[PDB]
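Okay, so here's the structure we're looking at.
Each answer follows from the model by the rule given with it, or from the source it names; nothing here is a laboratory result. Using ideal geometry, Cβ is built from the backbone for each residue, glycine included, and neighbour counts are taken over all protein chains shown.
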2 protein chains.
Amino acid sequence: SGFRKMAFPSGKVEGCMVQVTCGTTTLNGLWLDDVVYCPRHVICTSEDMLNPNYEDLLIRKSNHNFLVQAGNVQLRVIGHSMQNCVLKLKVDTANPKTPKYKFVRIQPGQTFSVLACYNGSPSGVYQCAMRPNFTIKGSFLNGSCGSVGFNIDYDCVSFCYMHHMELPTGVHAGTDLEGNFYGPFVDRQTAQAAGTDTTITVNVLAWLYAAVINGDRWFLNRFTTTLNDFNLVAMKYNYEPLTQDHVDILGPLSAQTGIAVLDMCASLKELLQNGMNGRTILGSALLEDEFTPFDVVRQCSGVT
Amino acid sequence: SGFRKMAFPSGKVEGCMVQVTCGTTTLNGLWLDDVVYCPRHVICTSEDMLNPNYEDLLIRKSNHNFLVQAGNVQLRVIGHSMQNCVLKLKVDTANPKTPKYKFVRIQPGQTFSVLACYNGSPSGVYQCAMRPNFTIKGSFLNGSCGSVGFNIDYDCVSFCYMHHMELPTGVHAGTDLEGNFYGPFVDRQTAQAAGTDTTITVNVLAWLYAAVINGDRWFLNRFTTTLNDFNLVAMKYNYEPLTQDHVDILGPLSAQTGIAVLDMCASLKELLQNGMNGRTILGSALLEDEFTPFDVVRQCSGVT
Ligand SMILES: Cc1ccncc1NC(=O)Cc1ccc2nc[nH]c2c1
Ligand SMILES: Cc1ccncc1NC(=O)Cc1ccc2nc[nH]c2c1
């Protein structure tokens, strides 16, 4: 028993982190096979970030200008190319620690682990979610760019995020490993404001099921609702609309606990309208939305 | 910017996890050098746990009864001994992945990362604190015993916890790596109730400093207090008494932010008396106490 905000074990990803320096800029790179992936803004100075022309800045860089270091040993760069907002640096040595991997582009509401790194060295690991406005709320200082987000399925690492930007509001933006930004964000230091950060309803419901499984049941009530009625309340509270697809995804948790999805929606509706009244659920005083239904099943069943 | 509940990168610890089976019981072991450490209750059945005589149960076990498996390869057990509540299984092969390590016994209020494992396989990593009542609030299912807690200082892993028990209330109890339980708990399935789970005041203050550094400042007020006055309010709210040692420990955060420790105590006192009023601090609706002052400095400076 007990339910924690849990990240995936980071070892497989630690074995892929390298330091990339170009000019005066140092950030992190991800070394998979004989390619090192990193944000293309490694070629910029802070002044260039105001209005960068990446193709033009890149023409002035040669393979020998990209310094790639794995631990205390230097990697030889034999090619470089720009793919969307990432650079792919071809090196002469395959990473011997390359795990089985995939590149996946996640949807908003999906969770992943981030291995925060500086100078190609891991500092920590935390769990987060792709917000509905395509930002993430991470912990990233100068030099953390190129740190990655991932999920693991037994022995295959699915990389889904690479850190690029901190918006003027302190939230974060980045790309998938094909270099396409999540949402409308760009790798330029300009006015980029995020949209409404709505709450991921399906994740809140999954977490309420985790609370019932792990003993916290005070919020269960004598009511039910419909998807349409629940969604009127969800709209009012800046929650994402709940769909029949989300109800189907919650089916296994509903079956395990014997609490119908719409009855849990009615508990959630009352929590939204009445508040917590100074009470807590799984050690939280707010409705937690950074656990997917899959995360709840995985943690409650101990998948390794 | 941004502040997250961050665990240490777990790779160095993943390389030490093994599966230990004795009879019908399987749990995790920690393989460092040529010794595998695991809870001595691996020798018990669930029925034995009601009233175990560990010395007597152990007499019936030989080296060949402890099955130790690292990945898919078996380790040969050439000796076994009981040290307090842990078994030390001497194996014929040193763990080639043994990191630099120490065994440390932490104090209440200190934080650490846990690598939750099942069948010697890592499932996830999370950050937690040793509560003032010597319990931890983890996420542990059947088979997670032997999972460990640790801190890392550059390349040296300090192991501080090994999971043993879940109390009837759903909180967790365990030992240091010398096999001594934290607090009054025992490895017997009996009535063991935890004391008051007070809030770690010094950690709440550190987290309020992290909030100011990372932009959340609404709770700062025009007041100050004294240690004695603050402690009267701390007593009322089941917070640990704040000492001059804690004030000294918060000195670097006070210097960085320019907010005197006693002024932050006055902000905390008002938060205790008035509540949050539906507001949040670093994404939390409660006062977070599982970040030490050292954690706040480490995360805010990007130590790798
Ligand atoms: C500063 C920071 C902190 C956390 N996360 C991201 C960042 N960086 C940015 O937002 C853009 C940036 C800023 C200066 C750069 N110089 C070369 N490349 C650069 C990219
Ligand atoms: C069940 C559990 C879940 C999470 N954390 C710990 C536990 N186990 C216990 O509290 C004691 C126990 C219970 C049966 C045992 N059989 C052999 N050894 C045993 C030890």
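Any residue in region B:128-143 that is away from chain A (no Cβ under 14 Å), away from ligand 2 (no atom under 16 Å from the Cβ) and not aliphatic (A, V, I, L, M)? Reasoning before the result, please.
Restricting attention to region B:128-143, the residues satisfying the condition of being away from chain A (no Cβ under 14 Å) are B:130, B:132-134.
Among the residues that remain, those that are also away from ligand 2 (no atom under 16 Å from the Cβ) are: B:130, B:132-133.
Going one step further and asking which of them are not aliphatic (A, V, I, L, M), we end up with B:132-133.
Checked against the condition, which is being away from chain A (no Cβ under 14 Å), away from ligand 2 (no atom under 16 Å from the Cβ) and not aliphatic (A, V, I, L, M), region B:128-143 yields at least one hit.
How about region A:158-171: which of its residues are over 10 Å from the mean Cα position of the chain (by Cα) and within 13 Å of chain B (Cβ to nearest Cβ)?
Just the residues of region A:158-171 that are over 10 Å from the mean Cα position of the chain (by Cα), to begin with: A:158, A:164-171.
Of everything in region A:158-171, those that are over 10 Å from the mean Cα position of the chain (by Cα) and within 13 Å of chain B (Cβ to nearest Cβ) turn out to be A:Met165, A:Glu166, A:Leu167, A:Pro168, A:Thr169, A:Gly170, A:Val171.
Is it the case that region A:118-133 has a residue that's more than 13 Å from the chain's Cα centre (by Cα) and among the basic types (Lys, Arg)?
Going residue by residue through region A:118-133, those that are more than 13 Å from the chain's Cα centre (by Cα) are A:118-124.
Filter once more, keeping what is among the basic types (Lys, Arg): none.
No.
Is it true that B:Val157 is more than 16 Å from ligand 2 (Cβ to nearest atom), touching a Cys at 6+ places or on another chain (Cβ under 9 Å), assigned by CATH to the domain that holds B:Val186 and β-branched (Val, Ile, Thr)? Walk me through how you get there before you give the answer.
Working: more than 16 Å from ligand 2 (Cβ to nearest atom): yes; touching a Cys at 6+ places or on another chain (Cβ under 9 Å): yes; assigned by CATH to the domain that holds B:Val186: yes; β-branched (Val, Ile, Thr): yes.
Here the answer is yes, as B:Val157 does meet what is asked.
If you go through region A:147-167, how many residues are more than 10 Å from ligand 1 (Cβ to nearest atom) and not aromatic (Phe, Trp, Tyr)? Steps first, please.
In the first step, residues of region A:147-167 are kept if they are more than 10 Å from ligand 1 (Cβ to nearest atom); the result is A:148-162.
From what's left, not aromatic (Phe, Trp, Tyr): A:148-149, A:151-153, A:155-158, A:160, A:162.
Looking only at that region, the number is 11.
Only residues that are surrounded by 21 or more Cβ atoms within 10 Å (Cβ to Cβ) and either free of Cβ contacts under 8 Å to residues at least 24 places away in the same chain or among the hydroxyl-bearing types (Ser, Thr, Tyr) (or both): list them for region A:11-26, please. Quick ask: steps written out before the conclusion?
Quick first cut of region A:11-26, residues surrounded by 21 or more Cβ atoms within 10 Å (Cβ to Cβ) only: A:11-13, A:16-20, A:22.
Result: A:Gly11, single match.
Can you tell me which residues in region B:109-122 are at the interface with chain A (Cβ under 9 Å from one of its Cβ atoms), farther than 9 Å from B:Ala7 by Cβ and in contact (Cβ under 8 Å) with a residue 60 or more places away in the chain? So that I can check it myself, show each step before the final result.
First, the residues of region B:109-122 that are at the interface with chain A (Cβ under 9 Å from one of its Cβ atoms): B:113-122.
Of the ones still in play, those that are also farther than 9 Å from B:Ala7 by Cβ are B:116-122.
Scanning region B:109-122 gives B:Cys117, B:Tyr118, B:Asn119, B:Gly120, B:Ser121, B:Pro122.
Can you tell me how many residues within region A:74-86 are over 28 Å from the mean Cα position of the chain (by Cα) and surrounded by fewer than 17 Cβ atoms within 10 Å (Cβ to Cβ)?
Of region A:74-86, the ones over 28 Å from the mean Cα position of the chain (by Cα) are A:74-79.
Then keep just the ones that are surrounded by fewer than 17 Cβ atoms within 10 Å (Cβ to Cβ); that gives A:74, A:76, A:78-79.
Within region A:74-86, residues that are over 28 Å from the mean Cα position of the chain (by Cα) and surrounded by fewer than 17 Cβ atoms within 10 Å (Cβ to Cβ) number 4.
Kindly list, by first and then second residue, each pair from a residue in region A:156-172 that is of a type in the set (S, T, N, Q) to a residue that is within 16 Å of ligand 2 (Cβ to nearest atom), limited to pairs with Cβ atoms under 7 Å and residues at least 6 apart or on different chains.
Pairs found: none.
Could you say which residue among B:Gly71, B:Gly29 is within 16 Å of ligand 2 (Cβ to nearest atom) and either more than 30 Å from B:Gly283 (Cβ to Cβ) or surrounded by 22 or more Cβ atoms within 10 Å (Cβ to Cβ) (or both)?
On inspection, the qualifying residue turns out to be B:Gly29.
Pairs needed: first member in region A:123-143, in contact (Cβ under 8 Å) with a residue 12 or more places away in the chain; second member anywhere, within 16 Å of ligand 2 (Cβ to nearest atom) and of a type outside the set (S, T, N, Q); C-beta distance under 9 Å; at least 6 residues apart or different chains.
Close Cβ pairs (under 9 Å, with a partner that is within 16 Å of ligand 2 (Cβ to nearest atom) and of a type outside the set (S, T, N, Q)) amount to A:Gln127/A:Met6; A:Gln127/B:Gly124; A:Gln127/B:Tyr126.
Would you call B:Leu89 away from ligand 2 (no atom under 15 Å from the Cβ), aliphatic (A, V, I, L, M), away from every other protein chain (no Cβ under 14 Å) and surrounded by 13 or more Cβ atoms within 10 Å (Cβ to Cβ)?
Numbers: away from ligand 2 (no atom under 15 Å from the Cβ): yes; aliphatic (A, V, I, L, M): yes; away from every other protein chain (no Cβ under 14 Å): yes; surrounded by 13 or more Cβ atoms within 10 Å (Cβ to Cβ): yes.
Against the criterion (away from ligand 2 (no atom under 15 Å from the Cβ), aliphatic (A, V, I, L, M), away from every other protein chain (no Cβ under 14 Å) and surrounded by 13 or more Cβ atoms within 10 Å (Cβ to Cβ)), B:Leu89 qualifies.
Could you go through region A:6-13 and let me know if any residue there is within 16 Å of ligand 2 (Cβ to nearest atom), outside any strand (DSSP E or B) and in the same structural domain as A:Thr190 (by CATH). First the steps, then the outcome.
From region A:6-13, those within 16 Å of ligand 2 (Cβ to nearest atom) are A:6; that's our starting set.
The next check asks that each one be outside any strand (DSSP E or B); those that pass are A:6.
This time we only want the ones that are in the same structural domain as A:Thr190 (by CATH), so: A:6.
The answer is yes, given that some residue of region A:6-13 is within 16 Å of ligand 2 (Cβ to nearest atom), outside any strand (DSSP E or B) and in the same structural domain as A:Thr190 (by CATH).
What is the one condition in (1) within 17 Å of B:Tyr126 (Cα to Cα); (2) in contact with a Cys (Cβ under 9 Å, 6 or more places away or on another chain) that B:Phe181 does not satisfy?
(1)
Find the strands (runs of 3 or more DSSP E) located wholly in region B:14-59 whose residues include 2 or more that are within 14 Å of chain A (Cβ to nearest Cβ) and within 25 Å of the chain's Cα centre (by Cα), and list them.
Details: elements: B:17-22, B:25-32, B:35-39.
The qualifying strands (runs of 3 or more DSSP E) are B:17-22, B:25-32.
Being basic (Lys, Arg) and within 24 Å of the chain's Cα centre (by Cα) is the filter here, so list the residues in region A:266-289 that pass it.
Applying the first criterion (basic (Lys, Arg)) to region A:266-289 yields A:269, A:279.
Answer for region A:266-289, where residues must be basic (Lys, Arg) and within 24 Å of the chain's Cα centre (by Cα): there is none.
Can you find even one residue in region B:208-220 that is within 19 Å of the chain's Cα centre (by Cα) and away from ligand 1 (no atom under 16 Å from the Cβ)?
From region B:208-220, those within 19 Å of the chain's Cα centre (by Cα) are none; that's our starting set.
No, region B:208-220 contains no residue that is within 19 Å of the chain's Cα centre (by Cα) and away from ligand 1 (no atom under 16 Å from the Cβ).
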